There are 4 protein chains.
Amino acid sequence: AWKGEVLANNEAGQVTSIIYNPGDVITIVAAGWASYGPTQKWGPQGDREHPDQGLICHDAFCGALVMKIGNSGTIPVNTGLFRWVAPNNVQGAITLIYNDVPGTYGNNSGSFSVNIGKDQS
Amino acid sequence: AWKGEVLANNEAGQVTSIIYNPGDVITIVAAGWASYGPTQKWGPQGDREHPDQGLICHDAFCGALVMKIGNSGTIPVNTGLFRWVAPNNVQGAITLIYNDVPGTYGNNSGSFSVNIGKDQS
Amino acid sequence: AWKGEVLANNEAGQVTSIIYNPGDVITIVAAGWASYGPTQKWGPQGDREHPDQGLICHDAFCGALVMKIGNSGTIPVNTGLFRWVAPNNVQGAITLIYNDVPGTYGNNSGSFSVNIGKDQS
Amino acid sequence: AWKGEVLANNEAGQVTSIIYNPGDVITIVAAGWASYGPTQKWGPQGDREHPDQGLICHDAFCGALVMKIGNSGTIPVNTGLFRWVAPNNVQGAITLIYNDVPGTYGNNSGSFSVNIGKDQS
Ligand SMILES: OC[C@H]1O[C@@H](Oc2ccccc2)[C@H](O)[C@@H](O)[C@H]1O
Ligand SMILES: OC[C@H]1O[C@@H](Oc2ccccc2)[C@H](O)[C@@H](O)[C@H]1O
Ligand SMILES: OC[C@H]1O[C@@H](Oc2ccccc2)[C@H](O)[C@@H](O)[C@H]1O
Ligand SMILES: OC[C@H]1O[C@@H](Oc2ccccc2)[C@H](O)[C@@H](O)[C@H]1O
Ligand SMILES: [Ca+2]
Ligand SMILES: [Ca+2]
Ligand SMILES: [Ca+2]
Ligand SMILES: [Ca+2]
């Protein structure tokens, strides 16, 4: 299992010790407060009112927690995933990333505390 | 395992099929948007800016997801609990509740979708 | 989870720390060598050649590992149970017992090492 | 998870759908009756009285259930493994094999029914 912090201004994202393999079932739980710029902070679901201006993940709100698995595209994580299986041909190290527009992570603040574990299969 | 919705205006809370027994390890993941009154909506961590005016759970923000286990006091759930063990002498059916002041649930809106499962022990 | 030894000459059986509750999924793995009398020893499946002369469990061979859950009748365990769910209205402490005829445990020898854990549910 | 039969006369062994990956925790439960030649049959622990005459696994009795993981040497399985982690650098498909001397599987009989699952990690 892995636990650690995902910083909102970390554009490269946070690499974890979790390698997703074919057939794996995982659970993620994310908590905390972060901002993509404004003084206000939002949870792992991000800001439902902010327009998408080039987010690294178009299937999640700005300020949401997302992930990449290996060299997959971004996958929404939000508050977490419950006993979750990946799409086919998706595998590799899990990296957690704050959802923001590339080149605009500089003014971000806060972080998400995240737990990841593999479940029974 | 249990999955279902928890309505923000449900003052009595949502009873689940999960009976927490001594020694049990559980995982909860909660998602969605709700409000304790304002047009704005918040995630299961609630509104970090709103003052506590008599919340059923003083250890969580207004609009947060909380729970009771049997006849326990309220316990913060927020975005969820990862492989979580209860305090001693805590057991019984799990009821999920929106965190608001008693008597003020009438103007709430939205809901949280919640997964609960028992883990390896 | 529980791990411990189950002595073949223990007529009362070995009480474990495991309380089976409704809905629980459990895994048991048993290993080792024991005898109901003869110099030969058998594994947790017991002696397939020996006639049943009043075994505490008629659904298992003499010398097999069995269990009671609460005040249930004996249930065959043998080499173990994989992600196993009990019949309805069966619950309580798990006690492991060597399968022999009541009053004839005195000449038994050896033991089984057993692991019991609760599984994801 | 995987369930299936392992034939005693199958010298090449039974390939499973389980790929053991680094970090994986697995549970195996094996049951049934088989023989390496004699009319008598033995459980997954094999025959404790029979001398080793060139067994594919020298750390288990003749007639015992063993396995290979990828290109590993044979690993004793016996009645099963409980929440088990492999040695370092061991990974790949799990193949279950009856422990006998190479070239002598022809007169074997019976089979073991085996369950394999990945556990919480
Ligand atoms: O959409 C992503 C961008 O949102 C801006 O925040 C805004 C706040 C109000 C109006 C427009 C952008 C941030 O300042 C910028 O860094 C980037 O994150
Ligand atoms: O604190 C809990 C209460 O918050 C009020 O909303 C307010 C918003 C701003 C200032 C005071 C109350 C809600 O209108 C009321 O129903 C109750 O939930
Ligand atoms: O059936 C259970 C009994 O089996 C006897 O062993 C026998 C071995 C061969 C034939 C008859 C009894 C044991 O001596 C006795 O203690 C009891 O366990
Ligand atoms: O040790 C492995 C071998 O055991 C023999 O069975 C014997 C039984 C008693 C004495 C010698 C061999 C089998 O006949 C042969 O096929 C092979 O499995
Ligand atoms: Ca920004
Ligand atoms: Ca309200
Ligand atoms: Ca006896
Ligand atoms: Ca043979």
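Here D:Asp47, D:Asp52, D:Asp59 are screened, and the one residue that is touching a strand residue (DSSP E or B) at 6+ places or on another chain (Cβ under 8 Å), free of Cβ contacts under 8 Å to residues at least 12 places away in the same chain and more than 16 Å from ligand 6 (Cβ to nearest atom) is D:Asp52. Looking only at residues in the range D:65-81 that are closer than 27 Å to C:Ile26 by Cα and touching an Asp or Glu at 6+ places or on another chain (Cβ under 9 Å), which one is nearest to ligand 4 (Cβ to nearest atom)? Out of the qualifying residues, it is D:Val66.
Filtering the range A:67-79 for residues that are out of contact with any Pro (no Cβ under 6 Å at 6 or more places or on another chain) and within 12 Å of chain B (Cβ to nearest Cβ) leaves a non-empty set. Across the range B:2-45, the number of residues qualifying as surrounded by fewer than 16 Cβ atoms within 10 Å (Cβ to Cβ) and either at the interface with another protein chain (Cβ under 10 Å from one of its Cβ atoms) or among the acidic types (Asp, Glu) (or both) comes to 6. Residues in the range B:95-109 that are touching a strand residue (DSSP E or B) at 6+ places or on another chain (Cβ under 6 Å) and either closer than 14 Å to B:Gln45 by Cα or within 16 Å of ligand 7 (Cβ to nearest atom) (or both) were compared, and the one that is farthest from the other protein chains (Cβ to nearest Cβ) is B:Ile97. Residue under question is D:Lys41, and the condition is that it be within 17 Å of D:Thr79 (Cβ to Cβ), among the basic types (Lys, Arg) and touching a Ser or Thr at 6+ places or on another chain (Cβ under 7 Å); does it hold? When the stated conditions are applied, D:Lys41 passes them.
Okay, residues lined up against (1) buried (at least 20 other Cβ atoms within 10 Å of the Cβ); (2) out of contact with any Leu (no Cβ under 7 Å at 6 or more places or on another chain):
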position: D:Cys57; (1), (2): yes, yes
position: D:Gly63; (1), (2): yes, yes
position: D:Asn78; (1), (2): yes, no
position: D:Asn88; (1), (2): no, yes
position: D:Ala93; (1), (2): no, yes
position: D:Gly106; (1), (2): no, yes
position: D:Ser109; (1), (2): no, yes
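Only residues that are over 26 Å from D:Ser35 (Cα atoms) and free of Cβ contacts under 8 Å to residues at least 60 places away in the same chain were counted in the range D:72-121, giving 5. There is at least one residue in the range B:46-56 that is more than 8 Å from every other protein chain (Cβ to nearest Cβ) and assigned to a strand (DSSP E or B).
For D:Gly23, the criteria (1) under 12 Å from D:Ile94 (Cα atoms); (2) more than 11 Å from the chain's Cα centre (by Cα) hold in every case but one, which is (1).
If the condition is being under 24 Å from C:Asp24 (Cα atoms) and not in a strand (DSSP E or B), then the range B:107-121 contributes B:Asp119, B:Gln120, B:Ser121. Among all residues of the range A:85-106, there is at least one that is part of a loop (DSSP other than H, G, I, E, B) and of a type in the set (D, E, K, R). Within the range B:21-40, the only residue that satisfies the criterion of being in contact with a helix residue (DSSP H, G or I) (Cβ under 9 Å, 6 or more places away or on another chain) and part of a strand (DSSP E or B) is B:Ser35. Just one of (1) under 13 Å from the mean Cα position of the chain (by Cα); (2) in a strand (DSSP E or B) fails for A:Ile18. It is (1).
Bear in mind that the values in this text are calculations on the coordinates, not laboratory data. Please note: Cβ atoms are built from the backbone with ideal geometry, for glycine as well, and neighbour counts cover all protein chains shown.
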